[PDB]
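Below: one structure, written as structure tokens.
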Amino acid sequence: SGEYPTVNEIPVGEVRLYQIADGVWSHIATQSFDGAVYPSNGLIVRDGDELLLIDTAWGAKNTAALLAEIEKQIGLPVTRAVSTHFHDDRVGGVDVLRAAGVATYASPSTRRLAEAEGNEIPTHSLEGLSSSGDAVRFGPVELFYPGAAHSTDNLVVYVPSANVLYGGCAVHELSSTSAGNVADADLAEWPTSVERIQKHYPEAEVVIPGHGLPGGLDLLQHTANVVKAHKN
Ligand SMILES: CC(C)c1cccc2c(-c3ccc(CNC(=O)[C@@H](N)CO)c(F)c3)c(C(=O)O)[nH]c12
Ligand SMILES: [Zn+2]
Ligand SMILES: [Zn+2]
């Protein structure tokens, strides 16, 4: 009823959308992994009379439900998708997207890591993102590679028309007490990568984490704090 959705308000197998700004939505789904249930976010950005999708809904069936929810709530076609790193919460569902006519994209690093993990593999490679601080335009967004953080390949996404920063899994929500799933992380570099984000996007108004609730710019400093306290 208007609050940000949580696992407790998403019916089983289902996806919810949340309006962030004009022409910007997040998508929220839930999935089980190793016997626990987690929410995850992605982004939808209006691209004229088409939509750009950022990240899958963490699984094939979730991603099919995402497409249905978009059709119901927005009614514009998803034409392109970008995955912001190689984990299944970002790429699981790419095969569904690819068979639904969506062109799927990720950095070459993400594609290599996805293939090596046995995860679904986006079709198209995004060049120009291999060095930290790199940025490229992609439709209505800017893609930015901040350096290694949650993963070596993690990308963030900025929507300049709305000053929305989608941090993905490199950014955690304010209520977080832990650095999440750090199996593939670089805890030592992560603060430096967050400082790069902070320097590059000082006018961000909304910051969206990979998992949990959006907030403001404070999510960035909080993230650095939680990662430092974890590493210690
Ligand atoms: C590899 C990928 C598919 C994956 C699988 C499973 C979990 C995760 C998470 C994750 C884990 C924990 C928390 C917060 N803690 C809790 O939710 C407590 N209930 C338990 O510690 C969180 F915010 C995110 C992340 C991430 O960090 O990006 N990626 C995950
Ligand atoms: Zn991840
Ligand atoms: Zn994640």
Side-chain angles (χ1 to χ4, degrees), residues 4-10 15 18 26-43 53-63 66 81-97 106-107 109-122 129 143-157 165-191 193-194 197 207-215 218-220 222-231:
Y4 199 81
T6 81
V7 299
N8 301 304
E9 300 85 40
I10 298 165
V15 172
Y18 183 89
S26 66
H27 64 83
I28 315 85
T30 58
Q31 189 54 271
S32 286
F33 179 93
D34 290 20
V37 176
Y38 301 89
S40 76
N41 300 316
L43 205 69
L53 182 64
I54 311 298
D55 293 324
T56 69
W58 197 353
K61 292 177 74 176
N62 279 348
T63 300
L66 169 63
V82 172
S83 295
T84 62
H85 66 278
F86 74 100
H87 291 157
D88 195 44
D89 59 321
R90 312 293 126 196
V91 298
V94 152
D95 290 348
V96 162
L97 294 176
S107 74
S109 182
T110 296
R111 298 179 67 260
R112 287 186 283 281
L113 293 168
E115 186 175 2
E117 198 69 11
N119 286 354
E120 296 161 45
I121 308 159
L129 290 166
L143 306 178
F144 180 71
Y145 176 50
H150 167 82
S151 65
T152 60
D153 61 323
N154 53 204
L155 301 179
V156 311
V157 180
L165 178 58
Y166 176 85
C169 304
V171 176
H172 283 280
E173 73 173 321
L174 292 174
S175 63
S176 70
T177 62
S178 92
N181 186 338
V182 300
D184 299 313
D186 186 332
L187 296 174
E189 199 62 46
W190 196 335
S193 299
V194 163
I197 301 167
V207 179
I208 304 168
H211 304 268
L213 308 179
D218 291 351
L219 275 68
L220 301 182
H222 177 66
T223 298
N225 292 341
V226 297
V227 165
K228 296 157 183 205
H230 181 290
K231 183 190 187 198

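For the single chain, residues carry numbers from 1 onward in sequence order. Counting convention: from 1, in listed order, for ligands and their atoms alike. What's counted below: heavy atoms across the whole structure, side chains too, no hydrogens, waters or symmetry copies.
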N/O pairs closer than 3.5 Å, ligand 1 and protein:
| residue | atom | partner | partner atom | Å |
| --- | --- | --- | --- | --- |
| ligand 1 | 27 (O) | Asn181 | N | 3.0 |
| ligand 1 | 28 (O) | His211 | NE2 | 2.9 |

> When you look at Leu165 and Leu219, which way does the side chain to side chain contact (heavy atoms under 4.5 Å, CB included) test go after all the steps?
Replying inline: CA-CA 11 Å; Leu165 178 58; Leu219 275 68; over 6 Å; no
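- Among all heavy-atom pairs drawn from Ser176 and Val226, the shortest one is O-CG1, 3.7 Å.
- How far CG of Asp89 is from CG of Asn119: 9.5 Å, rounded to the nearest 0.5 Å.
- Taking each heavy atom of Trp190 and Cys169 in turn, the nearest pair found is CZ2-O, 3.8 Å.
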>> side chain to side chain contact (heavy atoms under 4.5 Å, CB included) for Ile208 and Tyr18? Distances and angles first, verdict last.
In response: CA-CA 11 Å; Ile208 304 168; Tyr18 183 89; over 6 Å; no
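- Within the protein, the N, O or S atoms lying under 2.8 Å from the Zn ion (ligand 2) are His85 NE2, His87 ND1, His150 NE2.
- Counting heavy-atom neighbours within 6.0 Å of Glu9 CD, excluding the residue itself, gives a total above 12.
- No option in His230, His211, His172, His87 other than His87 meets the ring-ring contact (aromatic ring centres under 6.0 Å, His included) test with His150.
- Restricting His211 to its N, O or S atoms, the one at the least distance from the Zn ion (ligand 3) is NE2.
- The two residues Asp55 and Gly42 come nearest to each other via the heavy atoms CB-CA, 4.4 Å.
- Using a 4.5 Å heavy-atom threshold, the side chains of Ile197 and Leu220 count as touching.
- Between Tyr38 and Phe33, the ring planes lie perpendicular to each other; the angle is over 60°, past the 30° to 60° tilted range.
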